[PDB]
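Here's the structure we're looking at; comments come further down.
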Amino acid sequence: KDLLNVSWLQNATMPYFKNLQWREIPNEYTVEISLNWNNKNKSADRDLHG
Amino acid sequence: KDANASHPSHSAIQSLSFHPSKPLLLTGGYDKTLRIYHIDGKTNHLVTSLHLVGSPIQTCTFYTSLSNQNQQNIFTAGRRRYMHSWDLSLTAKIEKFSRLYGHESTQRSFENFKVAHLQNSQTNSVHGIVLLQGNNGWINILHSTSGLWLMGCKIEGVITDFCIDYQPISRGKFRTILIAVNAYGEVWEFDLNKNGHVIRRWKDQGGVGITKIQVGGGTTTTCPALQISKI
Amino acid sequence: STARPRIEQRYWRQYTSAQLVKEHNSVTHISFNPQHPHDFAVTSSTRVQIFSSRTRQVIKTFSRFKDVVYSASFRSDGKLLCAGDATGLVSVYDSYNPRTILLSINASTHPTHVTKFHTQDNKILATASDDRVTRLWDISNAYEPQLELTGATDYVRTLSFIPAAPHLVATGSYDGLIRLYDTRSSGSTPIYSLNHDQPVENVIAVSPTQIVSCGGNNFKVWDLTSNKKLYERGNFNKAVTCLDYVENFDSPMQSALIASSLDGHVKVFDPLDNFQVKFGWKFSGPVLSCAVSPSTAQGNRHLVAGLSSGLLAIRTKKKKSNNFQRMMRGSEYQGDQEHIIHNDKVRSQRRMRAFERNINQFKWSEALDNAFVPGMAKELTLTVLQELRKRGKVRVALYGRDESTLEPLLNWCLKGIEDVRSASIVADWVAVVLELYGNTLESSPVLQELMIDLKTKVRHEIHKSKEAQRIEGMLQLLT
Amino acid sequence: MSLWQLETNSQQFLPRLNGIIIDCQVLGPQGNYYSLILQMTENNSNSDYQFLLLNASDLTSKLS
Amino acid sequence: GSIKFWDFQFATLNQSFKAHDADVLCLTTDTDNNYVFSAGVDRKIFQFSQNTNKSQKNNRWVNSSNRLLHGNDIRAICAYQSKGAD
């Protein structure tokens, strides 16, 4: 009742979830998710110029 | 299914490895993007894909510690004078080994290395070793956790390749041996759990230039053990 | 851990390759291709010469004129070109093909001084001779102009248009009196006249709102929307002969305009901050026709100077196998469509030098030696002497040397005492070496020749410093 | 920071620690972390030390 | 300068020391090989030791001591031992 849980494989085999509240989202609806695409690997020890 | 088909590669495939227990394949080529796939018989996908600029990698492999099995360090190396270690933790933290302590004049490259366990044999601090090739007759055994030069070994004549053979001693003790060849094809077989000094040496029946030596049957680099008694 | 520490006018003076080509007579004025000025024309006597941006000599020319020719002008499309002569039969003919003549139409029998096309229309051409009337001929039917643009007191001599405003033609005569006619008018009156004083040399319109006229020993600006002057400049020996304007080029000045004034130097003002020169560069005498190329010369950019003698000065700025390649194919991918990207590069820095790494490895002796050689720079020597005095002990830097090593130090302090910023510090240098090395000069009596030579020139220099101090004392008294 | 390999009797350096090293050891159980104390006596007034450890991998300092 | 110790049987290297900074020219030892003393044209005589039980079990040599007491070069050394002199 008024909750929708969706599931999707984030990496190649690990299932992530999302609990969308259901009645007040629009008719068509896209869910953005955070996803590493071209993220610069930043150390916990170096600045911009390293 | 073609294991590159989900996210393809562009250069050649100069290194290809498996995780020792987890269902994971590693692919590494000259386009300096080491990918890792989750592989299965139907549709196999890309778990992560690390890219590292300015370092076209030649050989790269998985490694787990024998003691507590929760390390999962990739090691990768190309034609340059630095190699990289990685503790994989499902944003990555990778270290760049370049500190050559004893010998600094024998590596024009890091492009051939193996990884191998060893015991301490007075205590039992079972730990890793990177084994890098050199240029004259040099192959240097480092540490895998720290990065210290453990020692080195030079054979007479040009190194072409080498491999690692373990053997059990007691219930809980074992001994590692390094096998190395020339192009001429007379091999040195020396243990390196004590200091690296030759305990056997013989000669292959033939070959003018031999290219590649590989040991197998028991455990090795490609089939590693998990418990120390399982070696 | 960390690393180790390390211890405008320039744009218009990086203009070089200034070559000379002497004509057989003076250079009236020049032209530029408006869509792409990679070629340009100069108006020699009885020929027009056209040059490229690459070979820097004549790539084409026309020389079957019969009299001295005055005006060369491209149309805005940059395909054909007009030329007015002293005969008064103004000729238009196609450019990039000299040996054809499109149409040679007579103007008035007076010498047609200027002739330029419409700035945006491709079929109407303005001519002006000494008939005290200028004409807007139409090249479709070149039998009579549409406009007999009369209304002059004497000698209409320089034409221009207004760029964005089409119907306004700004002509200039030898009366001051810059007229600007409407092309829909009767052709007898301007709507107003601009009051220059001298006979105008030529006028251009640098804006759709502001024109600049030049005539006599000062040039004027003129607003057209309100009939206003905001500016003059007159720092020239003779009258400002020719003008030029450029917009949106590669400099610390967004747009420039130059005035050339028959006195060697040509001046580069700017409508960014009301008409100041950066620096003007001289030439070899009376500079009559001088201009740089317009905006879309694309890097390679030429200034030309045709003097009243006739020599053109041109100064230009100019900015295994398949199987092995397939073996090393993946070299340019650089991480585009995959997850994370590492970057851990050390940078190949500026070229560290031998004296610098001598300081880095405490190689003080050969650092001194690399300082005192003629191959190295003088200010580099001053800076390394200052820095090694500030860094290290001069005693342990000179702990074992002799006079054959000491002599370039004295030989360069010989000329470096006269410096303003390193005088007392190189005096401290020779003070330390003579403070601890008297035994060497009393064993070998050689280098006291340089000591006494040093003494007499430093008495000269201390006299010079004393008299300079008392002259600024004169300033202090006459404060 | 100078570390000697004994069976060559030679050394790996670490050049600019911007101070004066007072105490140092390795303390990883497999030996991956060097704990040490800097002091940087550019002011002689106070014994103002500086605790830091660094990895054995590329000798990069973690948590000064 | 690379004083290299090779093993007799198996014809292999055993250790290396690039401690000499010039051309080595001469080197000697004692009766049961507890030491080896080398010298060359760095005018430095230096020692390597194999005395302790760890060194004689693992057959290991340490660059024990080093000593410059010369002016230009070495071109010959030799050594002698007795119970009256060493």
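Per-chain residue numbering starts at 1, and chain names A, B, C, D and E are given in the order in which the chains are listed.
The rule is simple: a contact is a pair of C-beta atoms (placed from the backbone, for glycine too) under 8 Å apart; a residue touches a chain by one contact, two chains touch by 3 or more.
S.K.: Could you name all chains that are in contact with chain B and with chain D at the same time?
M.R.: A, C, E
S.K.: Sort the other chains by how far their Cα centres are from that of chain D and give me the top one.
M.R.: C
S.K.: Find the most central chain, measuring centrality by the gap between its CA centroid and the centroid of all protein CA atoms shown.
M.R.: C
S.K.: By mean C-alpha position, what chain is farthest away from chain A?
M.R.: Between chain A and every other chain, the largest centroid distance is to E.
S.K.: Chain B to chain E: how many Å between their CA centres?
M.R.: 36
S.K.: State, to the nearest whole Å, the distance from the C-alpha centre of chain A to the C-alpha centre of chain D.
M.R.: 42
S.K.: Counting only Cα atoms for the centres, state how far chain C is from chain D in Å.
M.R.: Averaging C-alpha atoms per chain gives centres 58 Å apart.
S.K.: Determine the centre-to-centre distance between chain B and chain C, using the mean Cα coordinates as centres, and give it in whole Å.
M.R.: Taking the mean C-alpha position of each chain, the two centres sit 63 Å apart.
S.K.: Residue numbers in chain E touching 2 or more other chains?
M.R.: Within chain E, residues 16, 60 contact more than one other chain.
S.K.: Taking each residue of chain B in turn, which ones touch at least two of the other chains?
M.R.: In chain B, 48, 50, 91-92, 94, 96 touch at least two other chains.
S.K.: Chain D: which residues touch two or more other chains?
M.R.: 7-8, 10, 59-61 - these are the residues of chain D that touch more than one other chain.
S.K.: Check the chains against each other and report every pair that touches.
M.R.: Chains touch in the following pairs: A-B, A-C, A-D, B-C, B-D, B-E, C-D, D-E.
S.K.: Taking the complex as given, what residues does chain A use to touch chain B?
M.R.: 9, 11-14, 36, 39, 41-44
S.K.: In the complex, go through chain B and note every residue touching chain D.
M.R.: 85, 95-99, 101-102, 125, 127, 143, 145-149, 151
S.K.: Inside the complex, what are the residues of chain B that reach chain E?
M.R.: Within the complex, chain B contacts chain E at residues 137, 153-156, 188, 194-195, 197-198, 200-201.
S.K.: Which positions of chain C touch chain A when the two form their complex?
M.R.: Listed in rising order, the residues of chain C that touch chain A are 335-336, 338-346.
S.K.: If we count contacts the way the header does, which residues on chain D are in touch with chain C in the complex?
M.R.: Interface residues on chain D, with respect to chain C: 1, 14-18, 54, 59-61.
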